[PDB]
Each structure stands twice: as structure tokens, then as C-alpha cells.
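Structure record follows, encoded as C-alpha cells.
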Amino acid sequence: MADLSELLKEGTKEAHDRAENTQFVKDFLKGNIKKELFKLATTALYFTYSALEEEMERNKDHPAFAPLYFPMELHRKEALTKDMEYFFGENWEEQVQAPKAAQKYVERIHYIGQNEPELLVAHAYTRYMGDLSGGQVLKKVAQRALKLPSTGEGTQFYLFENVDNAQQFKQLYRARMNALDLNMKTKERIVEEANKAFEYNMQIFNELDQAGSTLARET
Amino acid sequence: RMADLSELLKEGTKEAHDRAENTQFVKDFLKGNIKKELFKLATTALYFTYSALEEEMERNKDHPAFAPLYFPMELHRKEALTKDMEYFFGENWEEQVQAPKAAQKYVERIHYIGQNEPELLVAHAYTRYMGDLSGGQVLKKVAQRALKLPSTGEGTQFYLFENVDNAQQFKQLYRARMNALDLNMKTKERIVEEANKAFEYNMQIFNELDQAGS
Ligand code: HEM
Ligand code: HEM
């Protein structure tokens with residue numbers, strides 16, 4: 001009956017609103033986030049996106065994912081690697097681990113990309129559609145809050161230097177999702193997997209929240 | 001010999017097994033960090049999962065695509081699990097207990113496969129029992145040490161195969177029977193995919209049990 005993009009928008013309303021209501025997000029938007037906590041979040045992002053982009057690369061020619069493959073426009077790994085150099089140093093990859101909640105999310109991404117790639121759209125939609133929407137605001141907030149350089153270092157993740165217009169690209173992306181040949185069953189499963197994706201993001205946030213509480217006991 | 005189902009399953013589920021080996025709950029279990037109540041939840045998930053699995057194997061016991069793999073006496077865990085449930089919860093353990101959300105999904109899938117695609121039931125037996133026969137002894141000793149359980153086996157009877165004299169040899173018998181099934185290459189590949197699903201159902205139970213850990 002309805003488009004996948006609408007099924008997704010409507011089917012993830014509840015989960016999207018709970019994501020806005022998380023303590024970590026409220027403290028972020030209002031500008032009260034501290035360096036070492038931003039570093040854990042950036043780390044969470046790096047491992048998340050590394051897996052996601054590895055799995056999209058795997059399925060770049062899969063008819064159930066091919067139209068959503070935008071390496072040059074959307075991919076965040078390169079940017080996040082630059083952000084990890086700035087915060088952690090030169091040999092960061094040798095020493096940093098993926099936080100537990102991020103590791104769970106990563107595990108799920110690898111499963112989906114390797115075994116049920118028709119559901120990978122759910123993880124791409126959840127992640128990239130959000131990035132394009134709020135990217136400009138969060139970049140400005142974090143820079144001012146942490147006294148970061150205006151030239152961009154430390155926030156490369158939030159800048160899409162190959163998207164000329166975010167709104168127009170979102171429109172493009174929705175139309176590509178809707179063109180995918182899918183049963184009503186597979187569509188329902190995709191919506192269910194996006195809600196799972198949000199729940200993984202929730203776990204990540206409240207991990208950071210409780211990591212911030214142990215950050216406050218020390219300081 | 002790489003066309004043999006047992007090879008196809010081992011090569012085909014390698015990535016999934018690596019994931020299972022390194023997941024947070026499994027690592028925390030092996031270190032001895034899992035406590036009594038969380039072990040009671042873990043066992044609960046096992047009970048419902050194996051009830052479903054052993055019901056569907058009982059149903060398909062005569063099906064040509066599964067029959068040789070029917071081992072109620074050697075493999076079935078339901079009776080062992082029941083005794084473990086009794087030991088931790090007491091006599092009225094049934095009314096004390098409910099299946100965790102992720103276990104329900106696993107159970108629902110087992111029933112579907114057993115009722116609608118019986119040719120893929122081997123994928124579920126493979127994933128569960130072959131794992132059980134490989135690590136049970138270690139898991140048992142870990143559980144006993146962490147929870148101060150008796151050496152006589154109370155609470156860990158799930159991990160002991162009383163009617164299997166040699167796990168290693170029995171696994172080889174099982175592999176040989178899997179390879180003996182009259183199956184085309186298309187069905188074999190569908191078995192490998194379901195086996196990967198099976199692993200992920202376990203991943204979700206592990207992931208939920210870790211959440212309960214907090
Ligand atoms: C930091 C708090 C957040 C705020 C204030 C926020 C705000 C917004 C806004 C204003 C939109 C525009 C709706 C539109 O596209 O017309 C949007 C879209 C979206 N957001 Fe968020 N967001 C937040 C966090 C998140 C998180 C954590 C996720 C999950 C990864 C997420 C996922 C999405 C998705 C998938 C869309 C596109 C929906 C669609 O148009 O189909 N957002 N967000
Ligand atoms: C630290 C955790 C684990 C370790 C160290 C471990 C170890 C092993 C090892 C060494 C084998 C090889 C036995 C052989 O080929 O003779 C094996 C077999 C197997 N394991 Fe695991 N295991 C773990 C967890 C799991 C889990 C969670 C599952 C899924 C529920 C699983 C499923 C299997 C299966 C299906 C086999 C048979 C492979 C085959 O021979 O085809 N294992 N395990």
C-alpha cells in the first residue's frame with residue numbers, strides 16, 4: 001500500500017522520539033558535553049560506521065542494496081579516522097577498543113550485511129538520513145562547547161563536503177528506497193530492523209550517560 | 001569433499017562463530033562474572049529453546065530430510081534442563097518463569113521451520129547440539145566454580161551428555177549422517193543460511209542477557 005520511506009518514518013516515530021529524550025542528547029544539544037565523553041562517542045561512531053560501510057561495500061552490487069550505495073557522498077570512515085587522529089593521537093588504532101554497546105551494534109551490522117542484505121537499507125536509512133538532517137547544528141554546538149578549531153578538525157564527521165544540498169539528497173535517497181523490489185513481508189522486516197537499530201543507538205547513549213556519571217565522580 | 005554439508009556449514013558459519021566466541025555475555029560467562037539470577041535467566045532461555053527444538057524434531061522424526069538426525073536418547077536436553085530449572089527455582093518453577101523476548105523469537109522460528117520447512121531443521125540441530133558437544137565440559141566447570149555448585153552435577157546437567165561416551169566420535173557420526181542426506185546443492189545452501197540465522201538468534205539472547213547484566 002505505502003512507500004518504504006513512509007513506512008519507515010511512521011514505523012520509527014516512537015523510537016525516534018525516545019532518542020531525542022535521552023539524557024546524553026539533551027546534554028549535547030544544550031551544550032554541556034565534556035571532552036573525554038565526546039571522545040567515547042566519536043569512538044562509538046568510528047566502529048559503527050566502519051562496519052556499516054564495510055557491509056555496504058560488500059553489497060554494492062546486490063540488487064536489494066545497489067541503489068543506496070553512495071560511497072563518495074555519504075561515507076564517514078575517512079572523516080572519523082581524521083577525528084580519531086585529532087583526539088587520540090597517531091597510533092590510536094593499536095590502543096582503542098570499541099565500547100560494549102557499539103560492539104553489539106557492530107555485531108548486528110556484520111550479520112545483516114553478510115546474511116540478510118535486503119535488510120541493510122534499515123541500518124543505512126537510520127544512520128545516514130539522521131546525519132544529513134542534524135549535521136549542521138551539532139557541528140556548531142560541539143565546536144563551541146569544546147573550544148574546537150573553526151577550520152573543522154575534530155568534527156569532520158558532521159560535515160558532508162560532497163553533499164551540495166542535504167534536503168535534495170534526502171529526496172533522492174527516499175525515491176531510491178521506494179524503487180527497491182520488496183514484498184510486504186520484507187518491508188515489515190525492514191521496519192522492524194530499523195527499530196532494532198534505534199534500540200542499539202539507545203544502548204550506546206545510556207552507556208555514554210553512565211560513563212559521564214563516572215566522569216563526574218572523578219572530577 | 002567440500003560439497004559435503006558438514007564442510008559447507010563449518011566454512012559457511014565461520015564468521016558467525018567468531019562473533020559468538022567474542023560477544024560480551026559469552027566472554028563474561030567464561031571469566032566467571034555471571035551471577036546466580038542471570039544464570040537462572042540463561043537456563044530459562046535454554047529450556048524454552050530446546051523444548052521447541054525437541055518438539056519439532058519429535059514431529060519430523062520420520063521425515064526423510066531429518067530422520068537420521070533424530071537422537072532423543074543421546075542428545076535431547078529437555079529432561080536435563082527441567083532438573084536444572086527445579087534445582088534453581090524449586091518445584092513450582094513453571095509459574096515462576098517466562099521466556100525472554102529474544103528466546104520467544106528463536107522459539108517462533110523453530111516452530112515455523114519444523115512445521116513449514118522441515119528440510120532446514122538440521123540447521124537448528126547442527127547449531128545447537130554440535131556446539132553443546134564441543135564446549136559443555138568447560139562451561140560446566142566454569143558454572144560450578146562461579147556459582148559454588150555441587151560436583152555431583154546439580155544445576156549443570158544440561159552440560160553433561162550422559163548417553164554419549166565420546167563427544168568427538170559422536171560429532172563425527174553426526175557429520176557423516178548430515179553428509180548422507182539426499183540433498184541438492186540449492187537446499188544445502190539454504191541449510192547454511194538458516195544455520196547463520198540460528199547463530200544470530202543466539203546472538204540476540206546473548207545481547208539481551210548482557211542488557212539484564214547492566
Ligand atoms: C540529537 C537529537 C536529534 C534531533 C534533535 C533530531 C532531529 C531531526 C529532525 C528535525 C529531522 C527532520 C525530519 C525530516 O527529515 O523531515 C530528523 C530526521 C531523521 N532522524 Fe533525527 N534527530 C535526532 C537524533 C536522531 C537519532 C539518534 C537518530 C537514529 C540514528 C535519528 C534518525 C533520523 C532519521 C532516520 C531521520 C529521517 C526521517 C525521514 O525523513 O524519513 N535522529 N531528525
Ligand atoms: C567462547 C565461546 C565458544 C568457543 C571457545 C567455542 C569453541 C568451539 C570449537 C573449538 C569448536 C571446534 C570443534 C570441532 O570442530 O571438532 C566448536 C564447534 C562448534 N561450535 Fe562453538 N564455541 C563457542 C561458542 C559457540 C556458540 C555460542 C555456538 C552457537 C550456539 C557454537 C556453535 C558451534 C557449532 C555449530 C560447532 C560445530 C562446528 C563443526 O564441526 O561443524 N559455539 N566450538
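In the C-alpha cells, the first chain shown is A, the next is B, and so on; residue numbers restart at 1 for each chain, and ligands run from 1 in the order shown.
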Using only C-alpha atoms and all ligand atoms, which residues of the polymer chains come no farther than 10 Å from ligand 1? I'd like the answer as a VMD selection string.
chain A and resid 4 to 13 15 to 22 24 to 29 122 to 135 137 to 138 166 to 167 170 to 171 173 to 174 194 to 195 197 to 202 204 to 205
Would you give me, as an NGL selection string, the residues of chain B that come within 8 Å of chain A, using only C-alpha atoms?
:B and (16 or 19 or 23-24 or 193 or 196-197 or 200 or 207)
Applying 12 Å and only C-alpha atoms, which residues near segment 88-90 of chain A remain after dropping the ones on its own chain fewer than 4 positions away? List them as a VMD selection string.
chain A and resid 35 to 36 38 to 40 42 to 43 80 to 84 94 to 97 154
Rounded to one decimal, what separation in Å do you get between atom 5 (C, counted along the ligand's line) of ligand 2 and atom CA of residue 102 of chain B?
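That distance, rounded to one decimal, is 22.4 Å.
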Among segment 86-169 of chain A, which residues does DSSP mark as alpha helix (DSSP H) when it is run on the backbone? Keep the chain and numbering as in the structure and answer as a count of residues only.
54
Within 7 Å of ligand 2, counting only C-alpha atoms and all ligand atoms: which residues, as a PyMOL selection string?
chain B and resi 6-7+9-10+17+20-22+26-27+126-128+130-131+134-135+168+199+202
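Taking only C-alpha atoms into account, residue 97 of chain B lies nearest to B:45 out of the set B:80, B:45, B:110, B:205.
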Determine, counting only C-alpha atoms, which protein, DNA and RNA residues have an atom within 6 Å of an atom of segment 44-60 of chain A; residues of the same chain fewer than 2 positions away are not included. Present the result as a ChimeraX atom specification.
/A:41-42,62,66,69,77,80,102,106,113
Report as a list in words all protein, DNA and RNA residues lying within 10 Å of segment 61-68 of chain B, evaluated on only C-alpha atoms, omitting residues in the same chain fewer than 5 positions from it.
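Residues meeting the cut-off are residues 54, 55, 56, 118, 119, 120, 121, 122, 125, 174, 177, 178, 180, 181, 182 and 183 of chain B.
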For the residues in the current selection, export N, CA and C atoms as a PDB file, in the first residue's frame.
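Done, and the output landed in out.pdb:
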ATOM      1  N   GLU B  54      13.130 -29.776  20.407  1.00  0.00           N
ATOM      2  CA  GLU B  54      12.883 -31.205  20.591  1.00  0.00           C
ATOM      3  C   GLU B  54      11.444 -31.626  20.285  1.00  0.00           C
ATOM      4  N   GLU B  55      10.527 -30.667  20.312  1.00  0.00           N
ATOM      5  CA  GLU B  55       9.159 -30.899  19.873  1.00  0.00           C
ATOM      6  C   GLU B  55       9.096 -31.022  18.347  1.00  0.00           C
ATOM      7  N   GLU B  56       9.829 -30.150  17.658  1.00  0.00           N
ATOM      8  CA  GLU B  56       9.868 -30.142  16.196  1.00  0.00           C
ATOM      9  C   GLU B  56      10.668 -31.301  15.617  1.00  0.00           C
ATOM     10  N   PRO B 118      10.649 -28.333   6.942  1.00  0.00           N
ATOM     11  CA  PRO B 118      11.300 -29.341   7.780  1.00  0.00           C
ATOM     12  C   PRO B 118      12.685 -29.744   7.282  1.00  0.00           C
ATOM     13  N   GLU B 119      12.956 -29.481   6.005  1.00  0.00           N
ATOM     14  CA  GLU B 119      14.254 -29.782   5.404  1.00  0.00           C
ATOM     15  C   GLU B 119      15.394 -28.928   5.968  1.00  0.00           C
ATOM     16  N   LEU B 120      15.051 -27.814   6.619  1.00  0.00           N
ATOM     17  CA  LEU B 120      16.051 -26.913   7.215  1.00  0.00           C
ATOM     18  C   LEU B 120      16.197 -27.069   8.730  1.00  0.00           C
ATOM     19  N   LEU B 121      15.512 -28.053   9.310  1.00  0.00           N
ATOM     20  CA  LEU B 121      15.568 -28.278  10.761  1.00  0.00           C
ATOM     21  C   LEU B 121      16.958 -28.714  11.216  1.00  0.00           C
ATOM     22  N   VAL B 122      17.663 -29.417  10.335  1.00  0.00           N
ATOM     23  CA  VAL B 122      19.042 -29.829  10.557  1.00  0.00           C
ATOM     24  C   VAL B 122      19.957 -28.641  10.895  1.00  0.00           C
ATOM     25  N   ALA B 125      19.405 -27.985  14.697  1.00  0.00           N
ATOM     26  CA  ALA B 125      20.028 -29.047  15.469  1.00  0.00           C
ATOM     27  C   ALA B 125      21.550 -28.906  15.412  1.00  0.00           C
ATOM     28  N   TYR B 174      27.612 -37.772  13.505  1.00  0.00           N
ATOM     29  CA  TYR B 174      26.632 -36.761  13.130  1.00  0.00           C
ATOM     30  C   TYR B 174      26.950 -36.107  11.787  1.00  0.00           C
ATOM     31  N   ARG B 177      26.265 -38.465   8.974  1.00  0.00           N
ATOM     32  CA  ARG B 177      24.838 -38.585   8.703  1.00  0.00           C
ATOM     33  C   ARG B 177      24.297 -37.358   7.981  1.00  0.00           C
ATOM     34  N   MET B 178      24.839 -36.188   8.315  1.00  0.00           N
ATOM     35  CA  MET B 178      24.495 -34.951   7.619  1.00  0.00           C
ATOM     36  C   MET B 178      24.895 -35.033   6.153  1.00  0.00           C
ATOM     37  N   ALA B 180      25.179 -37.757   4.452  1.00  0.00           N
ATOM     38  CA  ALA B 180      24.496 -38.885   3.819  1.00  0.00           C
ATOM     39  C   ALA B 180      23.092 -38.539   3.315  1.00  0.00           C
ATOM     40  N   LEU B 181      22.577 -37.386   3.732  1.00  0.00           N
ATOM     41  CA  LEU B 181      21.249 -36.941   3.329  1.00  0.00           C
ATOM     42  C   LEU B 181      21.178 -36.664   1.825  1.00  0.00           C
ATOM     43  N   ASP B 182      20.137 -37.191   1.185  1.00  0.00           N
ATOM     44  CA  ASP B 182      19.908 -36.977  -0.242  1.00  0.00           C
ATOM     45  C   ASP B 182      19.423 -35.542  -0.476  1.00  0.00           C
ATOM     46  N   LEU B 183      20.377 -34.621  -0.610  1.00  0.00           N
ATOM     47  CA  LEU B 183      20.079 -33.197  -0.756  1.00  0.00           C
ATOM     48  C   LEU B 183      20.781 -32.577  -1.957  1.00  0.00           C
TER      49      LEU B 183
END
For residue 189 of chain B, list every protein, DNA or RNA residue within 10 Å, evaluated using only C-alpha atoms, and leave out those in the same chain fewer than 3 positions away; present the list as a compact mmCIF listing (two decimals) with C-alpha atoms, in the first residue's frame.
# COMPACT_ATOMS: atom_id res chain seq x y z
CA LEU B 5 27.07 -30.40 4.04
CA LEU B 8 29.56 -26.20 3.89
CA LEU B 9 28.18 -25.49 7.37
CA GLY B 12 29.66 -21.10 5.84
CA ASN B 184 20.65 -30.96 -3.78
CA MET B 185 23.10 -28.04 -3.70
CA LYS B 186 20.25 -25.49 -3.50
CA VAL B 192 23.80 -22.86 5.63
CA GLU B 193 21.71 -19.65 5.66
CA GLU B 194 19.33 -20.96 8.31
CA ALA B 195 22.34 -22.08 10.39
Please indicate the distance in Å from atom CA of residue 193 of chain A to atom CA of residue 117 of chain A, rounded to one decimal place.
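If I compute the distance from atom CA of residue 193 of chain A to atom CA of residue 117 of chain A, I get 11.6 Å.
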Any idea what the distance is between atom CA of residue 156 of chain B and atom CA of residue 88 of chain B?
10.4 Å
Residues near segment 136-149 of chain B, cut-off 9 Å, only C-alpha atoms, skip fewer than 5 positions along chain, as an MDAnalysis selection string
chainID B and resid 29:36 39 131 154:161
Preceding selection exported with N, CA and C atoms as a PDB file, in the first residue's frame:
ATOM      1  N   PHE B  29      30.739 -14.790  30.845  1.00  0.00           N
ATOM      2  CA  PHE B  29      30.429 -16.103  31.384  1.00  0.00           C
ATOM      3  C   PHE B  29      31.715 -16.873  31.674  1.00  0.00           C
ATOM      4  N   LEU B  30      32.560 -16.993  30.652  1.00  0.00           N
ATOM      5  CA  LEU B  30      33.794 -17.772  30.731  1.00  0.00           C
ATOM      6  C   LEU B  30      34.756 -17.281  31.810  1.00  0.00           C
ATOM      7  N   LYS B  31      34.785 -15.969  32.026  1.00  0.00           N
ATOM      8  CA  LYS B  31      35.586 -15.367  33.100  1.00  0.00           C
ATOM      9  C   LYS B  31      35.036 -15.646  34.506  1.00  0.00           C
ATOM     10  N   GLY B  32      33.775 -16.065  34.587  1.00  0.00           N
ATOM     11  CA  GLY B  32      33.123 -16.366  35.859  1.00  0.00           C
ATOM     12  C   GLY B  32      32.392 -15.171  36.444  1.00  0.00           C
ATOM     13  N   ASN B  33      32.061 -14.205  35.591  1.00  0.00           N
ATOM     14  CA  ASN B  33      31.430 -12.959  36.027  1.00  0.00           C
ATOM     15  C   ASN B  33      29.901 -12.994  36.084  1.00  0.00           C
ATOM     16  N   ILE B  34      29.302 -14.058  35.565  1.00  0.00           N
ATOM     17  CA  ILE B  34      27.846 -14.177  35.572  1.00  0.00           C
ATOM     18  C   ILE B  34      27.336 -14.739  36.903  1.00  0.00           C
ATOM     19  N   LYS B  35      26.365 -14.035  37.488  1.00  0.00           N
ATOM     20  CA  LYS B  35      25.831 -14.348  38.820  1.00  0.00           C
ATOM     21  C   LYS B  35      24.590 -15.235  38.768  1.00  0.00           C
ATOM     22  N   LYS B  36      24.118 -15.649  39.943  1.00  0.00           N
ATOM     23  CA  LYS B  36      23.072 -16.670  40.083  1.00  0.00           C
ATOM     24  C   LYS B  36      21.793 -16.387  39.293  1.00  0.00           C
ATOM     25  N   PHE B  39      22.221 -16.446  35.561  1.00  0.00           N
ATOM     26  CA  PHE B  39      22.356 -17.834  35.134  1.00  0.00           C
ATOM     27  C   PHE B  39      20.986 -18.508  35.079  1.00  0.00           C
ATOM     28  N   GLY B 131      27.575 -27.444  18.967  1.00  0.00           N
ATOM     29  CA  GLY B 131      28.164 -26.515  19.928  1.00  0.00           C
ATOM     30  C   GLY B 131      28.209 -27.115  21.321  1.00  0.00           C
ATOM     31  N   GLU B 154      24.392 -31.125  40.072  1.00  0.00           N
ATOM     32  CA  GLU B 154      23.161 -30.358  40.276  1.00  0.00           C
ATOM     33  C   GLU B 154      23.263 -28.939  39.708  1.00  0.00           C
ATOM     34  N   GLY B 155      22.331 -28.598  38.823  1.00  0.00           N
ATOM     35  CA  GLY B 155      22.288 -27.279  38.206  1.00  0.00           C
ATOM     36  C   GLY B 155      23.000 -27.192  36.868  1.00  0.00           C
ATOM     37  N   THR B 156      23.816 -28.199  36.550  1.00  0.00           N
ATOM     38  CA  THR B 156      24.586 -28.193  35.298  1.00  0.00           C
ATOM     39  C   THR B 156      24.394 -29.432  34.436  1.00  0.00           C
ATOM     40  N   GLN B 157      23.322 -30.177  34.691  1.00  0.00           N
ATOM     41  CA  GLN B 157      23.050 -31.415  33.954  1.00  0.00           C
ATOM     42  C   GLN B 157      22.854 -31.186  32.454  1.00  0.00           C
ATOM     43  N   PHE B 158      22.488 -29.964  32.068  1.00  0.00           N
ATOM     44  CA  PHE B 158      22.408 -29.595  30.652  1.00  0.00           C
ATOM     45  C   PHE B 158      23.742 -29.809  29.916  1.00  0.00           C
ATOM     46  N   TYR B 159      24.850 -29.570  30.617  1.00  0.00           N
ATOM     47  CA  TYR B 159      26.189 -29.622  30.018  1.00  0.00           C
ATOM     48  C   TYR B 159      26.813 -31.020  29.979  1.00  0.00           C
ATOM     49  N   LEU B 160      26.116 -32.006  30.540  1.00  0.00           N
ATOM     50  CA  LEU B 160      26.590 -33.392  30.562  1.00  0.00           C
ATOM     51  C   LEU B 160      25.733 -34.285  29.666  1.00  0.00           C
ATOM     52  N   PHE B 161      26.366 -34.900  28.670  1.00  0.00           N
ATOM     53  CA  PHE B 161      25.681 -35.857  27.809  1.00  0.00           C
ATOM     54  C   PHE B 161      25.918 -37.266  28.325  1.00  0.00           C
TER      55      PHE B 161
END
